[PDB]
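Protein sequences, first through last, are from chains F and R. All you need for my numbering is the position in the first sequence, starting with 1, plus 2. All you need for my numbering is the position in the second sequence, starting with 1, plus 299. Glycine is no exception: its CB is placed at the ideal position from the N, C-alpha and C atoms. Read the structure below first, then the notes.
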Amino acid sequence: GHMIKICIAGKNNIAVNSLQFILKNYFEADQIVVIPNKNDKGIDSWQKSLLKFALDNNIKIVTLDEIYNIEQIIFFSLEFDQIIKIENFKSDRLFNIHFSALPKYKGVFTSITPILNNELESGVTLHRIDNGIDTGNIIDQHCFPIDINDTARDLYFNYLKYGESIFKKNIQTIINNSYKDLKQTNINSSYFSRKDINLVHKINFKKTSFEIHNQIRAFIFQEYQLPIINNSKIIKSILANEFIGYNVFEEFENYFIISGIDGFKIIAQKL
Amino acid sequence: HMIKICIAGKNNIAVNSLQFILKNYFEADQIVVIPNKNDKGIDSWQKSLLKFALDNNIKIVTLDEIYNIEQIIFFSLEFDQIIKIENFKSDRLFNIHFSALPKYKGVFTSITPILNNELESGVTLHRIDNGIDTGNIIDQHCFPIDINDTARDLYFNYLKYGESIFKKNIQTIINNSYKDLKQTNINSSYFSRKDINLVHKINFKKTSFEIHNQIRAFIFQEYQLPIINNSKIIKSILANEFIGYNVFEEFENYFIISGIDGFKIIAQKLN
Ligand SMILES: Cc1cn([C@H]2C[C@H](O)[C@@H](COP(=O)(O)OP(=O)(O)O[C@H]3O[C@H](C)[C@@H](O)[C@H](NC=O)[C@H]3O)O2)c(=O)[nH]c1=O
Ligand SMILES: Cc1cn([C@H]2C[C@H](O)[C@@H](COP(=O)(O)OP(=O)(O)O[C@H]3O[C@H](C)[C@@H](O)[C@H](N)[C@H]3O)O2)c(=O)[nH]c1=O
Ligand SMILES: Nc1nc2c(c(=O)[nH]1)N[C@H](CNc1ccc(C(=O)N[C@@H](CCC(=O)O)C(=O)O)cc1)CN2
Ligand SMILES: Nc1nc2c(c(=O)[nH]1)N[C@H](CNc1ccc(C(=O)N[C@@H](CCC(=O)O)C(=O)O)cc1)CN2
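Below, the structure is given as structure tokens:
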């Protein structure tokens with residue numbers, strides 16, 4: 003019964019493209035509001051800007067305060083930067099797409115944490131927001147491989163793609179309020195906060211090849227940083243099955259050859 | 300040569316496995332033993348391999364004395380020395396490692412799988428090569444880490460399943476008719492002594508599952524118990540009752556704790 007039906011809060015391609023899907027299939031611009039993230043400067047770059055799309059397309063920019071009293075508003079967080087408190091809202095139609103295969107890897111830096119912890123797969127999960135961090139009941143989840151030479155930046159782009167997708171898969175039943183959900187288990191639940199990750203990663207070479215490789219490629223996301231070996235930035239790590247002896251470490255002009263305690267060949271490419 | 304087999308290592312896995320060969324396969328005369336450096340020659344919370352051997356007129360030797368024995372079966376059962384295979388005339392060199400290889404190579408394997416959130420572990424019979432726990436897998440038996448198992452419980456499961464896999468496989472080892480498969484690069488992990496601080500400092504900005512896991516991974520009373528506010532902890536119980544996020548309350552006999560997802564932990568203080 004209110005004029006505003008939906009708020010998209012967050013950033014990057016996932017937010018912008020999801021918003022474009024709703025504008026095309028579901029709601030007119032004047033039934034939509036957005037809350038861009040604090041660091042959104044309105045500039046299209048290696049990602050699309052939600053603030054810029056909103057301005058371009060005459061969608062009103064609001065704050066949380068302005069939406070708390072809108073009854074029945076659908077609130078959708080797509081890489082939103084604020085932890086909400088659900089008791090502020092009259093609506094209970096509050097959703098998030100989280101970049102991991104919940105209940106694993108709640109929290110932040112989820113293009114880093116699964117790689118660093120030796121996962122072969124990750125996922126995106128659509129869930130209701132409750133007062134905890136990525137703790138709410140799951141509505142849908144899509145799992146996908148972390149390929150053996152995927153970097154954190156590669157995995158991030160997979161989150162964006164599969165996330166956008168899981169949004170489109172589910173938005174109808176969310177708008178109809180006909181969706182199903184299930185509470186998260188206690189077991190397998192894991193969480194990382196910013197203080198658990200040191201973005202200047204010091205590599206522990208007394209590790210297997212797999213682990214050394216994981217350690218490198220988990221911090222490859224050039225827009226933010228690259229890992230450093232012997233004062234050289236690394237742009238790609240390649241892990242092979244080839245046995246080359248234990249604890250190999252050789253610096254060349256364009257790359258390092260590395261093996262860990264199990265002796266499998268890594269090529270770490272310089273930038 | 301008269302000597303057919305060396306059993307090297309410690310604890311009930313080594314003693315019972317030796318008793319089983321002495322009963323079914325070889326005479327005392329055909330067996331030599333290398334205890335670990337720390338073997339006291341008395342029974343304690345585990346039986347002494349040194350004592351068993353001396354009690355049964357099985358000769359105690361060093362690695363030097365066996366290198367030259369043609370065709371000897373060398374069988375490590377929690378042995379404390381990394382061998383170098385080119386020292387030996389025989390290539391019949393075997394180990395039972397207490398993990399589900401290729402995961403959790405190295406040490407402290409009753410801690411590492413719990414601390415890294417595993418639901419299961421395993422024992423793995425493999426050939427020894429020059430790396431640590433790297434050689435080809437001959438057999439493996441996987442079993443659960445129950446939700447409230449401690450490191451101590453895990454260890455006693457390794458000794459039991461470890462003894463069993465020895466008994467299952469030993470004839471084919473004697474007859475050299477066993478089969479094996481090289482280990483994969485993927486999923487391979489390793490922990491060395493320096494990776495684990497046996498005086499664990501709990502990170503409470505984690506899930507209840509992780510906090511519980513941190514506690515119970517260090518419960519091994521013969522060595523240490525984890526400490527919370529100066530009380531030693533003997534048992535951690537994780538329930539799927541929601542009690543609020545980030546609870547911490549101390550009582551006389553226990554703590555009530557929840558992490559970021561709010562599930563109830565009871566940490567029982569040692570009596
Ligand atoms: C800031 C930063 C990011 N990254 C990489 C890894 C990150 O997973 C990826 C995306 O970073 P970004 O700052 O957008 O967020 P993130 O930590 O993954 O995601 C968290 O922060 C978002 C604002 C929240 O919406 C997310 N909430 C989800 O339910 C949260 O998981 O960029 C670096 O390698 N280095 C960096 O310094
Ligand atoms: C020394 C020590 C051990 N433990 C626990 C954790 C560990 O998994 C278990 C057995 O201790 P260990 O016998 O020192 O063996 P560990 O599991 O480190 O195994 C390692 O050392 C032995 C001697 C090798 O044969 C074995 N292949 C290695 O994996 O006891 C503790 O909790 N605290 C300790 O201080
Ligand atoms: N209610 C609630 N609000 C949400 C989500 C939720 O699922 N629950 N899902 C999204 C979560 N977004 C985040 C998640 C974490 C942080 C964050 O900033 N974490 C800090 C920790 C802050 C703290 O300890 O509380 C850190 O890692 O250092 C910020 C936005 C959006 N809003
Ligand atoms: N060849 C080789 N020898 C072996 C085994 C093997 O599968 N391969 N299997 C058994 C493994 N026993 C161990 C494993 C690790 C240590 C150990 O002492 N590790 C040190 C690291 C030592 C190092 O880096 O050299 C540490 O963690 O600080 C000792 C005995 C017995 N001997």
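Anything in chain R within Cβ reach of residue i, meaning under 9 Å, just list it in chain order.
i, result
"F:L241", "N484, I485"
"F:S192", "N416, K505, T506, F508, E509"
"F:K108", "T506, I559, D560"
Taking the alpha-carbon positions, what's the residue i to residue j distance?
i, j, result
"F:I117", "F:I63", "36 Å"
"R:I473", "F:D136", "55 Å"
"F:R219", "F:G262", "15 Å"
"R:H499", "F:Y181", "43 Å"
"F:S191", "R:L376", "35 Å"
"F:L184", "F:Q271", "44 Å"
"R:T411", "F:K43", "44 Å"
"R:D448", "R:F508", "13 Å"
"R:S491", "R:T408", "10 Å"
"F:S47", "F:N15", "10 Å"
"R:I556", "F:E89", "24 Å"
"R:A399", "F:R155", "31 Å"
"F:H100", "F:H144", "11 Å"
"F:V35", "F:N160", "26 Å"
"F:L122", "F:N188", "22 Å"
"R:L453", "R:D445", "9 Å"
"F:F29", "F:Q174", "12 Å"
"R:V406", "R:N355", "31 Å"
"F:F207", "F:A56", "47 Å"
"R:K388", "R:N394", "17 Å"
"R:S530", "F:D132", "34 Å"
"F:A17", "F:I24", "11 Å"
"F:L273", "F:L201", "18 Å"
"R:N475", "R:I565", "50 Å"
"R:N337", "R:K322", "27 Å"
"R:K383", "R:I436", "18 Å"
"R:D390", "R:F378", "18 Å"
"F:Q33", "F:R130", "22 Å"
"R:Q318", "F:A242", "43 Å"
Name, please, each residue of chain R whose Cβ falls closer than 7 Å to the Cβ of residue i.
i, result
"F:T137", "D560"
"F:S20", "In chain order: nothing, as chain R lies at least about 26 Å away."
Quick test of your reading: residue i and residue j, contact by CB under 8 Å. State the CB separation rounded to the nearest angstrom.
i, j, result
"R:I501", "R:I495", "Wrong, their Cβ atoms sit about 14 Å apart, outside the cutoff."
"F:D264", "R:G430", "6 Å"
"F:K238", "F:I222", "7 Å"
"R:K303", "R:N335", "Not a contact, Cβ separation roughly 22 Å."
"R:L524", "R:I532", "6 Å"
"R:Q380", "R:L362", "7 Å"
Do the CB positions of residue i and residue j come within less than 8 Å of each other?
i, j, result
"R:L424", "R:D438", "yes"
"F:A31", "F:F77", "no"
"R:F442", "R:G421", "yes"
"F:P105", "F:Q186", "yes"
"F:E252", "F:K267", "no"
"F:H4", "F:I75", "yes"
"R:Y522", "R:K404", "no"
"F:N216", "F:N120", "yes"
"F:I45", "F:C9", "no"
"R:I527", "R:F550", "no"
At 8 Å on the CB atoms, spell out the chain F contacts of residue i, in chain order.
i, result
"residue 572 of chain R", "Chain R is shown from 300 up to 570; residue 572 of chain R falls before or after that span and cannot be answered."
"R:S375", "Near R:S375 there are no residues of chain F at all, since even the closest Cβ is about 17 Å away, more than 8 Å."
"R:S491", "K208"
Name, please, each residue of chain F whose Cβ falls closer than 7 Å to the Cβ of residue i.
i, result
"R:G421", "Result: empty, since nearest Cβ-Cβ is about 16 Å, beyond 7 Å."
Using a cut-off of 8 Å between C-beta atoms, extract the partners of residue i located in chain R.
i, result
"F:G134", "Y544, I559, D560, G561"
How would you list, in chain order, the residues of chain F whose beta-carbon sits under 9 Å from the beta-carbon of residue i?
i, result
"R:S343", "Residues of chain F passing the Cβ test: none, with the nearest at roughly 32 Å."
### Task
Count the C-beta pairs between the stretch 168-175 of chain F and the stretch 530-547 of chain R that are closer than 8 Å, then say yes if the count reaches three, no if not.
no
### Task
Please confirm if the stretch 48-56 of chain F is in contact with the stretch 65-76 of chain F, defined as three or more CB-CB distances below 8 Å between the two stretches.
no
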